[PDB]
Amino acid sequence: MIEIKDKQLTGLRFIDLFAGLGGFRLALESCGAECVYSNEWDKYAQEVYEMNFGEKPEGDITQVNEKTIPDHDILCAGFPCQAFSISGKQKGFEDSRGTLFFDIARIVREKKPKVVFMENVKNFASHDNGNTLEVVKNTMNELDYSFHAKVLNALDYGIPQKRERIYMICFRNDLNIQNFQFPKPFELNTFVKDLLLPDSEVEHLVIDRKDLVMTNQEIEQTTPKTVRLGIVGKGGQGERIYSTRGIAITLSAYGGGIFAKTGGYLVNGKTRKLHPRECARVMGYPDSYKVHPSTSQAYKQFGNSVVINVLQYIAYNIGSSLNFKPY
């Protein structure tokens, strides 16, 4: 994550729904905002959140009376994406994990925050012939919000990961916000190799498969793209090896393969998974952030999470818009 000198969101209150690791919290707090409520139902996510922020999020949002939620200015929600991902069944709103947006809508209707700030997978914009996104837009419009949606790739915002997500920013109509812009992409100057731990700290992550097939030469020149170097097995998910001189493939939460959740990388002549701290860095988490004691849960958590830096630029622009109030 980056340093934010001008605290655009000072004095504003936010809630952290589907909190996970608290990526939205780190991003908005860096812009000066104050968290007043958090909600997350996974036992291990609750633990890591408490380890980092000192508080246990409330559980199952579907059973929370929306009237009990504190007054707030910005509602944040990176809501579940399994039902919308191209790696899943794409049942969408028909999936029990696919109806959480309607809980967001229920809370917005009651609490009427200035801003609603949501994140999901890129496929959310395409799913069901665009109807899924249109449902969200229309729901927010019906609640008297404007709707701004764009897919952003983390590699365009200083983080070496291909991670294309949809970001949906909504302003209450009475605020007359007409100048919200998504942040402009800029040149990437950091690559996977720049975020790696020393070899001595990751020896246990080395995998030596005799069915490794190298399909492409290692590169010496860094590049802002994924660079496949080889495969093991049949080369499905988690069975693909990439160059550290490129960017990381997207981290996953429920993924498998021998290099599960992180993918495999060529490091000093050997192939290995990423360490959870390398996952944190690939998601823009600061080294001060405390990783969950279970490595399996840590990988799941980072796989579900948000890239802090992207959220910081967006949050800064939300604040920039709210603050422009000429006579």
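Just so we're on the same page, rigid core means the largest C-alpha set that superposes within 1.5 Å between forms. Counting begins at 1, following the sequence as shown.
Structural divergence in 8 other deposited structures of this protein between 101-109 and 74-82: following superposition by the core, 74-82 has C-alpha atoms lying farther from the shown form. Greater average departure of CA atoms from the shown form, over structures and residues in 8 other deposited structures of this protein after a core fit, characterises 216-224 among 216-224 and 147-155. Judged by mean Cα B factor in the deposited record, 202-210 ranks above the other of 154-162 and 202-210.
Stretch comparison (254-262 versus 64-72) by mean CA B-factor in the PDB entry places 64-72 on top.
Out of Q217, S243, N131, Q237, the entry records its largest CA B-factor for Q217.
Residue set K122, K137, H127, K111: peak C-alpha B-factor at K111 (per PDB entry). The deposited CA B-factor of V291 belongs to the lowest third of values across its chain. Among the modelled residues of the chain, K273 sits in the middle third by CA temperature factor in this PDB entry.
Among the modelled residues of its chain, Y285 has a C-alpha B-factor that falls in the lowest third, as given in the PDB entry.
Placement of the Cα temperature factor of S30 within the chain: highest third of the modelled residues, per the deposited record. In this PDB entry, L12 carries a Cα temperature factor that places it within the highest third of its chain's modelled residues.
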